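Undergrad: start.txt is reproduced below (compact mmCIF, C-alpha atoms and all ligand atoms).
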```txt
# COMPACT_ATOMS: atom_id res chain seq x y z
CA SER A 1 -111.76 -26.60 -50.95
CA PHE A 2 -108.24 -26.32 -49.62
CA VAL A 3 -108.76 -28.43 -46.46
CA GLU A 4 -108.07 -31.54 -48.54
CA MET A 5 -104.57 -30.22 -49.35
CA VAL A 6 -103.63 -29.37 -45.76
CA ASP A 7 -100.87 -31.72 -44.55
CA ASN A 8 -100.34 -33.17 -48.05
CA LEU A 9 -96.54 -32.92 -47.62
CA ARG A 10 -94.24 -35.23 -45.66
CA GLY A 11 -90.57 -34.92 -44.87
CA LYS A 12 -88.02 -32.87 -42.94
CA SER A 13 -85.74 -29.94 -43.72
CA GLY A 14 -82.62 -32.00 -44.30
CA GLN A 15 -84.48 -34.66 -46.23
CA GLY A 16 -86.68 -32.54 -48.46
CA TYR A 17 -90.44 -32.17 -48.49
CA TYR A 18 -92.40 -34.40 -50.85
CA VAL A 19 -95.92 -34.69 -52.23
CA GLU A 20 -97.62 -37.81 -53.54
CA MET A 21 -98.29 -37.84 -57.27
CA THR A 22 -99.46 -40.40 -59.80
CA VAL A 23 -98.25 -40.77 -63.38
CA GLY A 24 -99.43 -42.94 -66.24
CA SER A 25 -102.43 -45.18 -66.91
CA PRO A 26 -103.07 -47.10 -64.72
CA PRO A 27 -101.86 -44.55 -62.12
CA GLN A 28 -98.39 -45.19 -60.66
CA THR A 29 -97.93 -43.67 -57.20
CA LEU A 30 -94.66 -41.85 -56.47
CA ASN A 31 -93.45 -39.44 -53.79
CA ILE A 32 -92.05 -36.28 -55.36
CA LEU A 33 -89.72 -33.69 -53.84
CA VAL A 34 -91.22 -30.17 -54.05
CA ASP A 35 -88.56 -27.77 -55.37
CA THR A 36 -89.11 -24.08 -56.03
CA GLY A 37 -85.45 -23.78 -57.15
CA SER A 38 -85.83 -25.63 -60.47
CA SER A 39 -88.32 -26.21 -63.27
CA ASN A 40 -88.00 -29.85 -64.41
CA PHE A 41 -90.39 -32.61 -63.42
CA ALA A 42 -88.29 -35.77 -63.21
CA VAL A 43 -88.79 -39.23 -61.72
CA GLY A 44 -86.57 -42.24 -61.24
CA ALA A 45 -87.33 -44.52 -64.20
CA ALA A 46 -84.69 -47.23 -63.68
CA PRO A 47 -83.59 -49.36 -60.70
CA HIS A 48 -81.42 -47.64 -58.11
CA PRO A 49 -80.09 -48.71 -54.67
CA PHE A 50 -82.04 -45.92 -52.96
CA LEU A 51 -85.32 -46.29 -54.93
CA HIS A 52 -87.97 -48.60 -53.52
CA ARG A 53 -90.11 -47.93 -56.62
CA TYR A 54 -89.85 -45.99 -59.88
CA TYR A 55 -91.71 -44.94 -63.02
CA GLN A 56 -92.20 -47.75 -65.57
CA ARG A 57 -93.01 -46.14 -68.92
CA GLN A 58 -93.78 -49.56 -70.44
CA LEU A 59 -96.78 -50.10 -68.12
CA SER A 60 -98.47 -46.81 -69.02
CA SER A 61 -100.82 -46.78 -71.99
CA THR A 62 -100.74 -42.97 -72.05
CA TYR A 63 -96.94 -42.56 -72.17
CA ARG A 64 -95.54 -40.67 -75.18
CA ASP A 65 -91.81 -40.54 -75.94
CA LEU A 66 -90.33 -37.17 -76.95
CA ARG A 67 -87.16 -38.84 -78.32
CA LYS A 68 -84.94 -36.16 -76.77
CA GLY A 69 -82.42 -36.39 -73.92
CA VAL A 70 -82.03 -34.10 -70.92
CA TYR A 71 -79.41 -33.29 -68.27
CA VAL A 72 -80.03 -31.23 -65.14
CA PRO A 73 -77.33 -30.11 -62.66
CA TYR A 74 -78.18 -28.68 -59.24
CA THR A 75 -76.05 -27.07 -56.55
CA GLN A 76 -75.62 -30.68 -55.40
CA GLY A 77 -76.64 -33.69 -57.43
CA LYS A 78 -77.38 -34.16 -61.10
CA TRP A 79 -79.21 -36.59 -63.34
CA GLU A 80 -79.83 -37.32 -66.98
CA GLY A 81 -82.73 -39.05 -68.63
CA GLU A 82 -85.29 -39.30 -71.37
CA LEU A 83 -88.01 -36.76 -72.07
CA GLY A 84 -91.61 -37.84 -72.50
CA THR A 85 -95.13 -36.89 -71.56
CA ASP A 86 -97.80 -38.62 -69.50
CA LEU A 87 -100.97 -37.96 -67.54
CA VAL A 88 -100.30 -36.68 -64.03
CA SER A 89 -102.49 -36.15 -60.96
CA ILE A 90 -102.02 -35.04 -57.37
CA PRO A 91 -104.17 -37.26 -55.09
CA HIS A 92 -104.17 -34.74 -52.21
CA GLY A 93 -104.26 -31.76 -54.54
CA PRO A 94 -106.80 -30.36 -56.99
CA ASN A 95 -109.20 -32.76 -58.67
CA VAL A 96 -107.61 -32.62 -62.13
CA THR A 97 -105.43 -34.62 -64.52
CA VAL A 98 -102.89 -32.97 -66.82
CA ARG A 99 -100.54 -34.07 -69.56
CA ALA A 100 -97.13 -32.96 -68.30
CA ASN A 101 -93.53 -33.17 -69.39
CA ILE A 102 -91.67 -35.88 -67.49
CA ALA A 103 -87.93 -36.52 -67.46
CA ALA A 104 -87.40 -40.26 -66.96
CA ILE A 105 -84.19 -40.42 -64.92
CA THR A 106 -81.85 -43.14 -66.20
CA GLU A 107 -78.57 -42.04 -64.54
CA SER A 108 -77.85 -39.80 -61.57
CA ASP A 109 -75.09 -38.71 -59.21
CA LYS A 110 -75.62 -37.58 -55.59
CA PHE A 111 -79.30 -36.92 -56.37
CA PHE A 112 -81.27 -39.70 -54.69
CA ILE A 113 -80.84 -39.82 -50.91
CA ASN A 114 -80.81 -43.13 -49.06
CA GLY A 115 -84.12 -43.59 -47.27
CA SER A 116 -85.59 -40.18 -48.15
CA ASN A 117 -88.87 -41.86 -49.28
CA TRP A 118 -89.10 -39.75 -52.48
CA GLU A 119 -88.41 -40.93 -56.03
CA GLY A 120 -88.54 -37.74 -58.11
CA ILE A 121 -88.57 -33.97 -58.13
CA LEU A 122 -91.18 -31.35 -58.98
CA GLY A 123 -89.57 -28.16 -60.25
CA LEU A 124 -92.02 -25.33 -59.55
CA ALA A 125 -90.05 -22.36 -60.98
CA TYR A 126 -90.35 -20.86 -64.49
CA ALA A 127 -89.60 -22.12 -68.00
CA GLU A 128 -86.55 -19.84 -68.34
CA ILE A 129 -84.40 -22.22 -66.24
CA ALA A 130 -85.90 -25.45 -67.59
CA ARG A 131 -83.61 -27.99 -69.25
CA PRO A 132 -82.79 -28.47 -72.07
CA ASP A 133 -84.24 -24.98 -72.74
CA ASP A 134 -87.29 -22.84 -71.97
CA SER A 135 -89.49 -24.66 -74.51
CA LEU A 136 -90.05 -27.61 -72.15
CA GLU A 137 -93.21 -26.35 -70.39
CA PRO A 138 -92.93 -26.83 -66.58
CA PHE A 139 -95.55 -28.83 -64.71
CA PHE A 140 -97.23 -25.88 -63.01
CA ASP A 141 -97.45 -24.01 -66.32
CA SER A 142 -99.17 -27.10 -67.79
CA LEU A 143 -101.56 -27.35 -64.82
CA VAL A 144 -102.57 -23.70 -65.20
CA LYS A 145 -103.07 -24.00 -68.96
CA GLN A 146 -105.03 -27.26 -69.02
CA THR A 147 -107.32 -26.70 -65.99
CA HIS A 148 -109.04 -23.89 -64.05
CA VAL A 149 -106.51 -23.90 -61.16
CA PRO A 150 -105.52 -20.28 -60.38
CA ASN A 151 -101.91 -19.36 -61.09
CA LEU A 152 -100.50 -19.60 -57.57
CA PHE A 153 -99.57 -22.03 -54.82
CA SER A 154 -98.47 -21.68 -51.21
CA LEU A 155 -96.13 -23.68 -48.99
CA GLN A 156 -96.33 -24.29 -45.26
CA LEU A 157 -93.24 -26.29 -44.31
CA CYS A 158 -93.31 -27.50 -40.69
CA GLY A 159 -90.02 -28.57 -39.11
CA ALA A 160 -89.32 -31.06 -36.32
CA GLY A 161 -94.77 -32.63 -42.79
CA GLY A 162 -96.39 -29.57 -44.29
CA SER A 163 -98.93 -28.29 -46.78
CA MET A 164 -98.81 -27.32 -50.45
CA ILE A 165 -102.00 -25.40 -51.24
CA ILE A 166 -102.28 -25.61 -55.03
CA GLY A 167 -104.30 -22.82 -56.57
CA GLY A 168 -104.81 -20.61 -53.54
CA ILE A 169 -104.17 -19.37 -50.02
CA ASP A 170 -105.49 -21.09 -46.90
CA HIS A 171 -106.04 -18.50 -44.18
CA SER A 172 -105.99 -21.07 -41.39
CA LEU A 173 -102.30 -21.80 -42.05
CA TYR A 174 -100.96 -18.42 -40.87
CA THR A 175 -101.58 -15.55 -38.44
CA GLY A 176 -101.27 -11.82 -38.83
CA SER A 177 -100.77 -10.17 -42.18
CA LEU A 178 -99.22 -11.38 -45.42
CA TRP A 179 -96.36 -9.18 -46.66
CA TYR A 180 -95.46 -9.27 -50.36
CA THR A 181 -92.17 -8.80 -52.21
CA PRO A 182 -91.96 -8.55 -56.04
CA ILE A 183 -90.61 -11.41 -58.07
CA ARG A 184 -87.73 -9.53 -59.73
CA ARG A 185 -87.64 -11.80 -62.79
CA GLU A 186 -89.51 -15.00 -63.67
CA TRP A 187 -86.78 -17.62 -63.82
CA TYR A 188 -85.95 -18.57 -60.29
CA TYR A 189 -88.28 -17.15 -57.63
CA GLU A 190 -85.91 -14.19 -57.42
CA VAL A 191 -86.35 -11.48 -54.76
CA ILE A 192 -84.32 -8.49 -53.57
CA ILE A 193 -82.93 -8.24 -50.04
CA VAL A 194 -82.51 -4.61 -49.01
CA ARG A 195 -81.07 -4.92 -45.47
CA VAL A 196 -79.76 -7.49 -43.01
CA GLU A 197 -79.67 -7.18 -39.23
CA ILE A 198 -78.33 -9.57 -36.61
CA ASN A 199 -79.73 -9.06 -33.10
CA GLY A 200 -80.91 -5.65 -34.28
CA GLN A 201 -77.53 -4.55 -35.67
CA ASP A 202 -77.27 -3.62 -39.35
CA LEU A 203 -74.54 -5.55 -41.15
CA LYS A 204 -73.86 -2.23 -42.96
CA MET A 205 -72.89 -3.73 -46.30
CA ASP A 206 -73.62 -2.47 -49.78
CA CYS A 207 -77.05 -4.04 -50.30
CA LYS A 208 -75.91 -5.37 -53.70
CA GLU A 209 -73.77 -7.81 -51.70
CA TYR A 210 -76.90 -9.48 -50.31
CA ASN A 211 -78.15 -10.30 -53.81
CA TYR A 212 -74.81 -11.15 -55.44
CA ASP A 213 -75.46 -12.53 -57.84
CA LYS A 214 -79.14 -13.24 -57.04
CA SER A 215 -81.44 -14.06 -54.14
CA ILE A 216 -83.96 -16.88 -54.55
CA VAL A 217 -86.64 -18.67 -52.53
CA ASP A 218 -85.95 -22.43 -52.69
CA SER A 219 -87.94 -25.13 -50.85
CA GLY A 220 -85.56 -27.76 -52.27
CA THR A 221 -82.47 -26.37 -50.50
CA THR A 222 -82.06 -27.20 -46.82
CA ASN A 223 -79.87 -24.33 -45.67
CA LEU A 224 -79.85 -20.60 -45.71
CA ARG A 225 -77.07 -19.97 -48.24
CA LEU A 226 -75.23 -16.64 -48.27
CA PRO A 227 -72.64 -15.11 -50.61
CA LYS A 228 -69.07 -15.33 -49.30
CA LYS A 229 -68.80 -11.74 -48.04
CA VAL A 230 -72.23 -11.82 -46.35
CA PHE A 231 -71.65 -15.32 -44.99
CA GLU A 232 -68.37 -14.24 -43.37
CA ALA A 233 -69.97 -11.15 -41.83
CA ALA A 234 -72.91 -13.22 -40.54
CA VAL A 235 -70.72 -15.98 -39.09
CA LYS A 236 -68.43 -13.44 -37.40
CA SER A 237 -71.46 -11.81 -35.77
CA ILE A 238 -73.06 -15.10 -34.68
CA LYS A 239 -69.72 -16.28 -33.24
CA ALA A 240 -69.29 -13.10 -31.19
CA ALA A 241 -72.86 -13.37 -29.93
CA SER A 242 -72.30 -16.99 -28.85
CA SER A 243 -68.65 -16.73 -27.71
CA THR A 244 -69.82 -17.75 -24.22
CA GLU A 245 -69.45 -21.34 -25.42
CA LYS A 246 -66.82 -22.96 -27.60
CA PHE A 247 -67.56 -24.63 -30.92
CA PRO A 248 -65.29 -26.48 -33.36
CA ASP A 249 -64.57 -24.44 -36.48
CA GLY A 250 -65.92 -27.41 -38.46
CA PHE A 251 -69.27 -26.69 -36.83
CA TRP A 252 -69.30 -23.29 -38.59
CA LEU A 253 -68.74 -25.11 -41.90
CA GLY A 254 -71.89 -27.19 -41.34
CA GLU A 255 -69.81 -30.38 -40.98
CA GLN A 256 -69.47 -31.21 -37.28
CA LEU A 257 -72.51 -31.23 -35.00
CA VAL A 258 -72.64 -29.62 -31.56
CA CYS A 259 -74.48 -31.31 -28.70
CA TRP A 260 -75.98 -30.31 -25.35
CA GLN A 261 -77.63 -32.17 -22.49
CA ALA A 262 -81.31 -32.86 -23.21
CA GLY A 263 -83.30 -29.67 -22.75
CA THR A 264 -80.32 -27.40 -22.04
CA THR A 265 -79.64 -25.91 -25.50
CA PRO A 266 -78.65 -22.25 -24.80
CA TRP A 267 -80.90 -20.64 -27.42
CA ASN A 268 -80.51 -17.19 -25.84
CA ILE A 269 -76.85 -16.86 -26.88
CA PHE A 270 -77.68 -17.24 -30.56
CA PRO A 271 -78.93 -14.11 -32.35
CA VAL A 272 -82.04 -13.53 -34.50
CA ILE A 273 -81.49 -12.69 -38.17
CA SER A 274 -83.73 -10.12 -39.86
CA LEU A 275 -83.93 -10.12 -43.65
CA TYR A 276 -85.60 -7.03 -45.11
CA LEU A 277 -87.28 -7.60 -48.47
CA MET A 278 -88.34 -5.05 -51.06
CA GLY A 279 -92.03 -4.26 -50.65
CA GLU A 280 -94.90 -3.44 -52.99
CA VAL A 281 -94.92 0.38 -52.69
CA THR A 282 -92.28 3.03 -53.29
CA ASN A 283 -89.49 3.18 -50.68
CA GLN A 284 -91.22 0.42 -48.67
CA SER A 285 -89.86 -2.87 -47.35
CA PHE A 286 -90.78 -5.36 -44.62
CA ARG A 287 -88.76 -7.80 -42.54
CA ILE A 288 -88.79 -11.47 -41.64
CA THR A 289 -87.07 -12.43 -38.41
CA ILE A 290 -85.32 -15.82 -38.17
CA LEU A 291 -84.82 -17.53 -34.76
CA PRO A 292 -81.82 -19.74 -33.97
CA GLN A 293 -84.24 -22.70 -33.83
CA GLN A 294 -84.33 -22.31 -37.63
CA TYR A 295 -80.64 -22.13 -38.58
CA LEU A 296 -79.55 -24.75 -36.00
CA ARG A 297 -80.98 -27.86 -37.65
CA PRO A 298 -81.56 -30.75 -35.22
CA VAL A 299 -79.78 -33.97 -36.20
CA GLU A 300 -79.50 -37.50 -34.82
CA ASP A 301 -76.83 -38.02 -32.18
CA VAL A 302 -73.78 -39.84 -33.57
CA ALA A 303 -73.65 -41.85 -30.33
CA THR A 304 -75.94 -43.40 -27.69
CA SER A 305 -76.56 -40.07 -25.94
CA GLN A 306 -79.95 -38.60 -25.08
CA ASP A 307 -78.47 -35.17 -25.91
CA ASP A 308 -79.78 -32.51 -28.30
CA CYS A 309 -77.44 -32.21 -31.28
CA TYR A 310 -77.56 -29.68 -34.11
CA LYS A 311 -75.87 -28.72 -37.34
CA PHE A 312 -75.25 -25.12 -38.44
CA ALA A 313 -77.68 -24.64 -41.34
CA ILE A 314 -76.16 -21.46 -42.79
CA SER A 315 -73.59 -22.09 -45.47
CA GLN A 316 -71.51 -20.15 -47.96
CA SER A 317 -72.66 -19.77 -51.55
CA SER A 318 -71.04 -18.75 -54.83
CA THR A 319 -74.37 -18.48 -56.70
CA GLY A 320 -76.21 -15.88 -54.64
CA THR A 321 -78.46 -16.01 -51.61
CA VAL A 322 -80.71 -19.03 -51.15
CA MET A 323 -83.60 -18.78 -48.69
CA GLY A 324 -83.92 -22.51 -48.14
CA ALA A 325 -86.28 -24.75 -46.21
CA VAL A 326 -84.93 -23.77 -42.75
CA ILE A 327 -85.97 -20.18 -43.48
CA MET A 328 -89.34 -21.18 -44.97
CA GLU A 329 -90.18 -23.34 -41.93
CA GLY A 330 -92.19 -21.13 -39.62
CA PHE A 331 -93.51 -18.91 -42.42
CA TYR A 332 -96.41 -19.41 -44.78
CA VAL A 333 -95.03 -18.57 -48.21
CA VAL A 334 -97.28 -17.60 -51.10
CA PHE A 335 -95.89 -17.96 -54.63
CA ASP A 336 -98.33 -15.54 -56.29
CA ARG A 337 -97.25 -16.07 -59.88
CA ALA A 338 -100.35 -14.28 -61.23
CA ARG A 339 -99.36 -11.02 -59.50
CA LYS A 340 -95.57 -11.59 -59.78
CA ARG A 341 -95.00 -11.48 -56.04
CA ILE A 342 -94.10 -13.69 -53.09
CA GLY A 343 -95.91 -13.36 -49.78
CA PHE A 344 -94.70 -14.14 -46.28
CA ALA A 345 -96.63 -14.56 -43.04
CA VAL A 346 -95.96 -16.15 -39.68
CA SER A 347 -96.93 -19.79 -40.00
CA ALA A 348 -99.41 -21.44 -37.67
CA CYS A 349 -96.73 -24.16 -37.14
CA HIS A 350 -94.04 -21.83 -35.77
CA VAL A 351 -91.31 -22.96 -33.35
CA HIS A 352 -91.60 -21.55 -29.83
CA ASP A 353 -88.69 -19.71 -28.23
CA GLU A 354 -89.35 -18.42 -24.75
CA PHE A 355 -88.73 -14.67 -24.99
CA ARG A 356 -88.45 -14.26 -28.80
CA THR A 357 -90.74 -14.92 -31.74
CA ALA A 358 -90.28 -15.30 -35.47
CA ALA A 359 -92.05 -12.43 -37.16
CA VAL A 360 -93.05 -10.76 -40.41
CA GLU A 361 -93.27 -7.01 -39.82
CA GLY A 362 -93.87 -3.86 -41.77
CA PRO A 363 -94.02 -1.37 -43.17
CA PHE A 364 -90.45 -0.05 -43.12
CA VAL A 365 -89.01 2.80 -45.19
CA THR A 366 -85.96 1.99 -47.31
CA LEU A 367 -84.55 4.40 -49.83
CA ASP A 368 -83.00 3.37 -53.16
CA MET A 369 -84.18 -0.26 -52.99
CA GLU A 370 -83.69 -0.59 -56.76
CA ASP A 371 -79.90 -0.24 -56.32
CA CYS A 372 -79.88 -3.46 -54.32
CA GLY A 373 -80.46 -5.65 -57.37
CA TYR A 374 -77.29 -7.05 -58.86
CA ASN A 375 -76.71 -6.64 -62.61
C1 LIG B 401 -81.58 -26.18 -63.99
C2 LIG B 401 -81.23 -25.02 -63.11
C3 LIG B 401 -81.94 -25.08 -61.76
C4 LIG B 401 -81.05 -25.58 -60.70
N1 LIG B 401 -81.44 -25.12 -59.39
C5 LIG B 401 -80.68 -25.32 -58.33
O1 LIG B 401 -79.61 -25.92 -58.40
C6 LIG B 401 -81.18 -24.79 -57.01
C7 LIG B 401 -80.37 -23.57 -56.63
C8 LIG B 401 -81.11 -25.86 -55.91
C9 LIG B 401 -82.21 -26.90 -56.06
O2 LIG B 401 -83.39 -26.46 -55.39
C10 LIG B 401 -81.78 -28.32 -55.64
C11 LIG B 401 -82.97 -29.30 -55.84
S1 LIG B 401 -82.80 -30.79 -54.81
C12 LIG B 401 -81.63 -31.81 -55.77
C13 LIG B 401 -81.03 -32.85 -54.90
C14 LIG B 401 -80.09 -32.62 -54.01
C15 LIG B 401 -79.54 -33.60 -53.06
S2 LIG B 401 -79.81 -33.10 -51.32
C16 LIG B 401 -81.38 -32.14 -51.32
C17 LIG B 401 -82.54 -33.07 -51.00
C18 LIG B 401 -82.56 -33.54 -49.52
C19 LIG B 401 -82.36 -32.37 -48.57
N2 LIG B 401 -81.21 -31.53 -48.95
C20 LIG B 401 -81.39 -31.00 -50.30
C21 LIG B 401 -80.50 -29.83 -50.66
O3 LIG B 401 -80.03 -29.10 -49.79
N3 LIG B 401 -80.34 -29.63 -51.97
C22 LIG B 401 -79.58 -28.52 -52.52
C23 LIG B 401 -78.09 -28.74 -52.35
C24 LIG B 401 -79.94 -28.41 -54.00
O4 LIG B 401 -79.07 -28.38 -54.86
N4 LIG B 401 -81.26 -28.36 -54.28
```
Could the structure of this file be written out as C-alpha cells, please?
TA:
Amino acid sequence: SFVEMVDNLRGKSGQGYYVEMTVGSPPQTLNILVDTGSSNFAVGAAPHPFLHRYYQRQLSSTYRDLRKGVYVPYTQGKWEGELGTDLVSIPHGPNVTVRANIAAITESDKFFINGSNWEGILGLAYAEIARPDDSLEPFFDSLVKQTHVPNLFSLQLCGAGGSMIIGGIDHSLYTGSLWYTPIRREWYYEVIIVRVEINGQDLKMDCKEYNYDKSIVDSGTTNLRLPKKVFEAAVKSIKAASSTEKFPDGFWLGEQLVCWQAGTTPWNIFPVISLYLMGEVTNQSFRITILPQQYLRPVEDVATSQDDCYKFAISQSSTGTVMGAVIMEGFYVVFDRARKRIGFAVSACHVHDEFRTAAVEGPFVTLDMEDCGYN
C-alpha cells in the first residue's frame, strides 16, 4: 500500500525535506522537516517572521499539557518550548492516528529558515538523544507502539521532492541490491566507516579517524560533514584532482560559490568519493560511491547570469562524520530499526554523469572492522 506514500516529501537539499502532518482536533495541517539526526517532534506554536502558520494548542480539543519545558540545540539552530501531547496523523502516510509528544516551540534562534515552507521538525532517531531525557517517547516509537506499522521506514531524497515510506520498503524506488550496515548503537543512526577512497585511492588513515567521534546518517543535515583530519585530507585530494581550474579558498569553506557558463560545468575534474561501510557478515563491507554532482550543491546565481553556480557541500565537523542529505540523494536508504541495520541502494532518482555512476557495491573483504569504532 506504499504507492500512496511515494512523493510525499517536498523540498531541496539546502532547504530540508518536509512531510505534511496534522495535529490536534480539528486537524491542523503543518509541513514538518524530516530529521534522522534528532528525536524531538516540535512545531512552531507562536508567531514568527518566517512562519506562515503554526500550531494553536487552544483550538485543539485533544491537546494535553505536560507542564514541563524543553530545550533542544542542534549543530545549527536551537529552540525552546512547552511539552504536551496531541493526536497526530500523516495524510500521505499510513492510515492511522497516534497520540504523540509535541514540543510547542515558543522561542528559537537560527532554526526557522525564511521561505522554507516548513513549520516544525520530526526527529526520527531514538529516545536516548531525546530532550529533556530519554523518557520523552519519540514520535516513531509512539507510532510503532500504538498501531500495526512495522518498525522501519525508508527515505528516497531526490535532488534538483522525495518519498518517506513509513512501515516498509518500496522496491520500485531503487535498482540493484540493498546493502546493509549495522546500527552500532541506538541513539543517533550511528554506523561505522571502514575505508575511504577518492578516485580509487585509499586515504590511508587509521579508520578510527573516519568515525571520530561518531558517524551518523542524517537527513536533516545538508552537507557531508567530516572530522577535521579527514576533511583536510579529502579537500587536499579534491583540490589536486581539480587543480586544472582555480577556485577561491572561501569556496572550499562552503562560503563562496563557483560559477560556469550554462552547461559547461567540468564534472570530470572532480573525483568520486567511496565510503566503505561495515557489512552484515564477518570481515565484510560494501561501498557507496558519491559523484561530484552530489557534493557540489547547485545554488541560485548571485547575479543576472544564466550560469551554473554551486557551493561546496563538504564541510568540517567537530562532532564526527555526518552523512547528510547530499549523500542520501541518489540512494534509497532503509532505516531498518527492527533488525538494527541501515540499508543502501542506488535510487531510481539518481543524477546522471556521462561516464560515471553512483553505486552501491559489494561484497568487499575488510579485516578488523571492529577497530574502526571510536570509544
Ligand atoms: C538533541 C540532540 C540531537 C541533535 N542533532 C543534531 O544536531 C544533528 C547532528 C543535526 C540535525 O539533524 C539538525 C536538524 S535541522 C535544525 C535546523 C537547522 C537550520 S538549517 C537546516 C534546515 C535547512 C537545510 N539545512 C539544514 C542543516 O544543514 N542543518 C544542520 C546544520 C543541523 O544542525 N541539522
Undergrad: Considering all atoms listed in the file, can you say which of A:76, A:60, A:116, A:97 comes closest to ligand LIG 401 (chain B)?
TA: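 Closest to ligand LIG 401 (chain B), using all atoms listed in the file: A:76.
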Undergrad: Which of these residues is nearest to residue A:169, using all atoms listed in the file: A:233, A:151, A:186, A:127?
TA: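 Result for the nearest residue to residue A:169: A:151.
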Undergrad: Would you please work out which residue, of A:50, A:188, A:355, A:17, is nearest to residue A:115 when using only C-alpha atoms?
TA: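 Ranked by minimum distance to residue A:115, first place goes to A:50.
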Undergrad: Looking at only C-alpha atoms and all ligand atoms, which of A:367, A:345, A:275, A:124 is the one that sits closest to ligand LIG 401 (chain B)?
TA: A:124
Undergrad: Report as a ChimeraX atom specification which protein, DNA and RNA residues come within 7 Å of ligand LIG 401 (chain B), using all atoms listed in the file.
TA: /A:13-16,35-39,72-77,110-113,129-131,218-223
Undergrad: At what distance in Å, to one decimal, does atom CA of residue A:95 lie from atom CA of residue A:143?
TA: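 Between these atoms lies a distance of 11.2 Å.
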Undergrad: Report, in Å to a single decimal, how far apart atom CA of residue A:231 and atom CA of residue A:363 are.
TA: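 So the two atoms, atom CA of residue A:363 and atom CA of residue A:231, lie 26.4 Å apart.
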Undergrad: Can you tell me how far atom CA of residue A:125 sits from atom CA of residue A:171, in Å to one decimal?
TA: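 Distance between the two atoms: 23.5 Å.
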Undergrad: Taking (-90.7, -20.4, -40.1) in the file's own coordinates, collect the residues within 12 Å, counting all atoms listed in the file, and hand them back as a ChimeraX atom specification.
TA: /A:13,155-160,162,173-174,288-295,323-333,344-352,357-360
Undergrad: I'd like the neighbourhood of stretch 265-272 of chain A as an MDAnalysis selection string, where a residue qualifies if any of its atoms comes within 10 Å (using only C-alpha atoms), though same-chain residues fewer than 2 positions away should be ignored.
TA: chainID A and resid 197:200 237:245 258:263 274:275 289:296 307:310 353:358
Undergrad: Could you give me, as a tab-separated table, every stretch 82-186 of chain A residue with an atom at most 8 Å from stretch 21-26 of chain A, plus its closest atom pair and distance in Å to one decimal, counting all atoms listed in the file, rows ordered by chain then number?
TA:
```
residue	atom	partner	partner_atom	distance
A:86	CA	A:24	CA	5.7
A:87	CA	A:24	CA	5.4
A:88	CA	A:23	CA	4.6
A:89	CA	A:22	CA	5.3
A:90	CA	A:21	CA	4.7
A:91	CA	A:21	CA	6.3
```
Undergrad: Grab the residues selected above and save them as a short mmCIF file (atom, residue, chain, number, x, y, z; two decimals), in the coordinates of the input with C-alpha atoms.
TA:
```cif
data_model
loop_
_atom_site.label_atom_id
_atom_site.label_comp_id
_atom_site.auth_asym_id
_atom_site.auth_seq_id
_atom_site.Cartn_x
_atom_site.Cartn_y
_atom_site.Cartn_z
CA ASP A 86 -97.80 -38.62 -69.50
CA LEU A 87 -100.97 -37.96 -67.54
CA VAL A 88 -100.30 -36.68 -64.03
CA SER A 89 -102.49 -36.15 -60.96
CA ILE A 90 -102.02 -35.04 -57.37
CA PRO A 91 -104.17 -37.26 -55.09
#
```
Undergrad: Do you know which residues are at most 6 Å from residue A:215 counting all atoms listed in the file, after dropping those on the same chain fewer than 4 positions away, and could you put them as a PyMOL selection string?
TA: chain A and resi 190-191+211+320-322
Undergrad: Which residue gives the smallest distance to residue A:182 among A:232, A:249, A:280, A:133, with all atoms listed in the file counted?
TA: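 Ranking A:232, A:249, A:280, A:133 by distance to residue A:182, first place goes to A:280.
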Undergrad: May I have the residues within 8 Å of residue A:137 as a PyMOL selection string, using all atoms listed in the file and disregarding those fewer than 2 positions away in the same chain?
TA: chain A and resi 100-101+127+130+134-135+139+141-142
Undergrad: Could you check which of A:203, A:178, A:194, A:183 is closest to residue A:362, using all atoms listed in the file?
TA: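 So, comparing all the options, the nearest one is A:178.
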